[PDB]
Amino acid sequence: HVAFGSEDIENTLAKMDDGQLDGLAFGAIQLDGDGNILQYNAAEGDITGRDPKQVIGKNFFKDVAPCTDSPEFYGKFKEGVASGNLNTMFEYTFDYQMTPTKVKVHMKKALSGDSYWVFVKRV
């Protein structure tokens, strides 16, 4: 088990494969520094209606999730990528190619130093 917002969430998830990530209680997306989707779990697809198997490789901010292209989400992502001190939490509404859905979001640098987690749960 691992809870949304856990202080060491990035440690726990670093040890996980696809199946384990698919079993999480919350949506989990891993992005590279450019916002390309590296991983996308089953729980996230349950929130958004995206097929996880097919969004891999797409750009989260340009193509998949344009409603997050804003200072409030994408702006915070780029600030944290640039600082090396991505770890930030906030509320948001997802409303592109889905019923508007209120969520809470947590972004955090992965240990694969290279990538960046985006965590989502319904509120």
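Just count from 1 along the sequence shown to find any residue number.
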query	finding
Stretch with the greater mean C-alpha B-factor as recorded in the entry, comparing 62 to 70 against 91 to 99	91 to 99
Selected stretch [higher average CA B-factor]: 75 to 83 or 28 to 36	75 to 83
Position of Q54 among the chain's modelled residues by C-alpha B-factor, lowest, middle or highest third	highest
For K15, the third of its chain into which the C-alpha B factor falls	highest
Record-listed C-alpha B factor of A3: chain third	middle
Chain third (lowest, middle, highest) by recorded CA B-factor, residue given as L111	highest
Ranked against its chain, the third holding the CA B-factor of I9	middle
